[PDB]
Amino acid sequence: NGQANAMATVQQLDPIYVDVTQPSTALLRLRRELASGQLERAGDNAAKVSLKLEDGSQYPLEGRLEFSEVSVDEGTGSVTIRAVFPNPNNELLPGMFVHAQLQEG
Amino acid sequence: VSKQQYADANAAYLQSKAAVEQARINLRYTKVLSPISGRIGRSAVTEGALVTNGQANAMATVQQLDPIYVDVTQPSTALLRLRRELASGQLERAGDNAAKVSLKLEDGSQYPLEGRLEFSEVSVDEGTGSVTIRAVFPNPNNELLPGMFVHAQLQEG
Amino acid sequence: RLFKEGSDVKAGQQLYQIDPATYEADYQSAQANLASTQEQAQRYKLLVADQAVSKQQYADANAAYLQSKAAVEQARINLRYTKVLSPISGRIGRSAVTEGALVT
């Protein structure tokens with residue numbers, strides 16, 4: 001009772017979290033240019049996020065994002081954000097390396 | 001009925017009341033109340049995971065952003081140098097404006113709001129010969145994040 | 001967290017509060033048992049002078065009273081643990097743990 005190692009794992013493949021990362025200096029210069037100077041005006045489609053797989057092909061569906069990690073990592077020096085993607089045919093697997101494509105105004 | 005039997009009766013009643021209070025707070029632990037207010041992070045575990053009492057790994061993390069501590073290190077040789085310069089040589093005493101001067105972020109940009117210093121660690125580390133000093137900073141619109149490399153400027157005599 | 005970091009502290013000064021909520025309840029239970037057995041032993045002490053009650057009954061009534069008196073002290077020290085006191089005097093470092101955190 002209460003052992004550390006598991007016996008099996010159960011996973012829900014639909015939907016899929018996509019945790020992507022970006023360095024804090026890029027967020028700093030984006031926040032500086034977002035207010036000072038020209039206004040980037042992120043608008044309505046700032047929620048829109050589309051990704052590509054490691055082979056270069058585009059994922060057909062499209063998902064939104066939400067912020068979930070306000071603290072910057074000590075070792076990497078980068079902030080991680082999260083996105084939700086619908087996965088109706090199990091084409092995405094947990095642990096896959098992907099490239100998200102954002103919209104910074 | 002004599003007074004001693006009534007004393008035993010309400011003594012047993014109060015003991016059962018304490019027992020049902022124990023069971024009530026054990027029921028209250030099943031709904032994990034947030035101990036403080038602040039911004040919450042990503043949940044480390046999700047629905048379906050088994051958790052035990054007093055486990056080491058957390059399930060989520062809440063934190064408060066305003067105000068924000070900064071911890072900057074100083075070599076002890078410079079500390080004893082300025083300490084021997086305060087009481088010898090030429091004049092060195094900053095005065096009432098020796099609270100704090102500003103911070104510099106990782107991109108080299110200046111920070112608008114100056115903070116305040118309060119000392120919190122006098123135990124010099126044996127690995128690098130440095131002490132850790134501590135300062136507070138206001139963070140109104142959350143442009144600072146906890147855990148980033150910064151360069152704090154500060155005052156001496 | 002009832003101290004300023006980097007300040008001097010005297011021995012026995014309260015530093016934190018660990019939200020008792022259990023030790024308070026068993027302190028109430030021990031207080032109820034002591035409040036019963038104390039007046040029990042006092043009434044038997046009043047009766048034993050006129051030989052209305054035997055000496056054996058006064059003996060084990062006083063024994064149960066002292067037993068409950070020990071149990072309420074066993075609860076009171078656990079109440080004293082929920083306000084952690086500085087065991088010595090001197091300087092204190094910064095708090096490695098902060099409010100809202102669970103300790104075991």
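Residues numbered from 1 in each chain as written, not as in the entry; some residues may be left out. Chains lettered and ligands numbered in written order. Part of a larger assembly, values for the part shown. Heavy atoms only, no water.

- Per the PDB record, the structure was determined using cryo-EM to 3.2 Å resolution.

### Some points on the packing of helix α1 (residues 23-47) of chain C against helix α2 (residues 55-81) of chain C
Residue and element names in this part refer to chain C.
- At a closest axis distance of 8 Å, the pairing of α1 and α2 adopts a crossing angle of 155 degrees. By the angle between their axes, α1 is roughly antiparallel relative to α2. The hand of the α1/α2 crossing is left-handed. (Axes fitted to C-alpha atoms, helices over the stretch in contact; angles between N-to-C directions. Helix = DSSP H or I, 4+ residues; strand = E, 2+ residues; numbered from the N terminus. Parallel < 35°, antiparallel > 145°, perpendicular 65-115°, else oblique. Left-handed = near helix turned anticlockwise from the far one by under 90°.)

### As for the interface of chain B and chain A
- Facing 15 residues of chain B, the contacting portion of chain A comprises 17 residues.
- Taking both partners together, chain B and chain A bury about 1400 Å²; carbon and sulfur atoms supply 53% of that area.
- Considering only the surface of chain B that becomes buried against chain A, B:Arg42, B:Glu106 and B:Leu145 emerge as the three largest contributors, covering 40% of it.
- Summed over the shared surface of chain B and chain A, the result is three salt bridges. (Contact = heavy atoms within 4.5 Å. Buried area = accessible area lost by both parts, 1.4 Å probe. Salt bridge = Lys/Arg side-chain N within 4 Å of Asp/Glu carboxyl O.)

### Digging into the interface of chain C and chain B
- Taken together, the contact between chain C and chain B spans 20 residues of the former and 21 residues of the latter.
- Summed over both partners, the interface of chain C with chain B buries about 1700 Å², with 50% contributed by carbon and sulfur atoms.
- Viewed at the interface, chain B and chain C are joined by one salt bridge.
- The salt bridge partner of C:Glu5 is B:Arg134, with a shortest N-O separation of 3.5 Å.
- The element contributing the most residues to the side of chain C that touches chain B is α1(C), with eight residues.
- Of the residues belonging to the side of chain C that touches chain B, the class tally is four nonpolar, eight polar and eight charged. (Nonpolar A, V, L, I, M, F, W, Y, C, P; charged D, E, K, R; others polar.)

### Focus: the sheet that holds strand β6 (residues 130-137) of chain B
Residues and elements named next belong to chain B.
- With respect to topology, three strands assemble into an open sheet ordered β3-β6-β5, the strand pairing being antiparallel. Since the sheet does not close on itself, it has two edges, and those belong to β3 (68-75) and β5 (116-118), each with one partner. Sheet twist, expressed as the average angle between the axes of neighbouring strands with direction ignored, equals 35 degrees.
- Bridge count between β5 and β6: three bridges; the pairing is antiparallel. Bridging from a neighbouring strand, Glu 118 pairs with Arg 134 of β6.
- On the sheet, helix α2 (residues 76-86) packs against β3 and β6 and is oriented at approximately 85 degrees with respect to β3. (Pairing = 2+ DSSP bridges.)

### Quick word on the pairing of β3(B)
Residues and elements named next belong to chain B.
- Side chains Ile 68, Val 70, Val 72 and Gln 74 project from β3 onto a buried face, and the interleaved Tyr 69, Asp 71, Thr 73 and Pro 75 project onto a face without burial.
- Relative to β6, β3 runs antiparallel, the two sharing eight bridges. Each residue of the ladder has a partner; that of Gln 74, found in β6, is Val 131. (Buried < 20%, exposed > 50% of the residue type's maximum accessible area, 1.4 Å probe, protein only.)

### Notes on helix α1 (residues 24-35) of chain A
- Taking 1.5 Å of rise per residue, twelve residues should cover 16 Å, and α1(A) covers 17 Å from first to last C-alpha, within 8% of that figure.
- Where α1(A) terminates, the next one or two residues include A:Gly37, which has phi positive at roughly 75 degrees. (Expected span 1.5 Å × (residues − 1).)

### Brief notes about the nonpolar core
- Counting 16 residues, the largest nonpolar core has B:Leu103, B:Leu105, B:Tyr111, B:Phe137, B:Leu144, B:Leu145 and B:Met148 as its most contacted members.
- Contributing elements (two or more residues each) for this core: β3 and β6 of chain B.
- The residues touching B:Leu103, leaving out its near neighbours within four places in the chain, are B:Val70, B:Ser109, B:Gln110, B:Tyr111, B:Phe137, B:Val150, B:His151 and B:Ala152.
- With twelve residues, the next largest nonpolar core counts A:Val18, A:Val49, A:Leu53 and A:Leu92 among its residues. (Core = buried A, V, L, I, M, F, W, Y, C linked by side-chain atoms within 4.5 Å.)

### Quick notes on a nonpolar patch on the surface
All names here are of chain B.
- A cluster of nonpolar residues, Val 32, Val 51 and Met 59, forms a patch on the protein surface that exposes about 250 Å² of accessible area.
- Looking at the secondary structure, you find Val 32 in the loop between α1 (3-28) and β1 (39-40).
- A relative accessible area of 65% places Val 32 in the exposed class. (Patch = residues over 30% accessible without salt bridge, like charges linked within 9 Å, V, L, I, M, F, W, Y side chains within 5 Å. Areas by Shrake-Rupley, 256 points an atom, 1.4 Å probe, with all protein chains shown as cover.)

### Quick look at the packing of α1(B) against α1(C)
- Close contact between α1(B) and α1(C) brings their axes to 8 Å; oriented N to C, the two are set at 170 degrees. Considering their axes alone, α1(B) and α1(C) lie roughly antiparallel with respect to each other. Between α1(B) and α1(C), the contacting residues are B:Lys3, B:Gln4, B:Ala7, B:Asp8, B:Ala11, B:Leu14, B:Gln15, B:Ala18, B:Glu21 and B:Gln22 on the first element and C:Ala25, C:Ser29, C:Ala32, C:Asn33, C:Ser36, C:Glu39, C:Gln40 and C:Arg43 on the second.

### Overview of α2(C)
Residue and element names in this part refer to chain C.
- Under the 1.5 Å per step criterion, the end-to-end length of α2 is 39 Å for 27 residues, consistent within 8% with the ideal 39 Å.
- Listing the buried residues of α2 in full gives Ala 61, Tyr 65, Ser 68, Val 72, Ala 75 and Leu 79.
- On its buried face, α2 is in contact with α1.
- Of the residues flanking the start of α2, the one acting as N-cap is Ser 54, its side-chain oxygen 3.5 Å from the backbone nitrogen of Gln 56. (Polar contact = N/O pair within 3.5 Å; in protein donor to acceptor, adjacent residues only side chain to side chain.)

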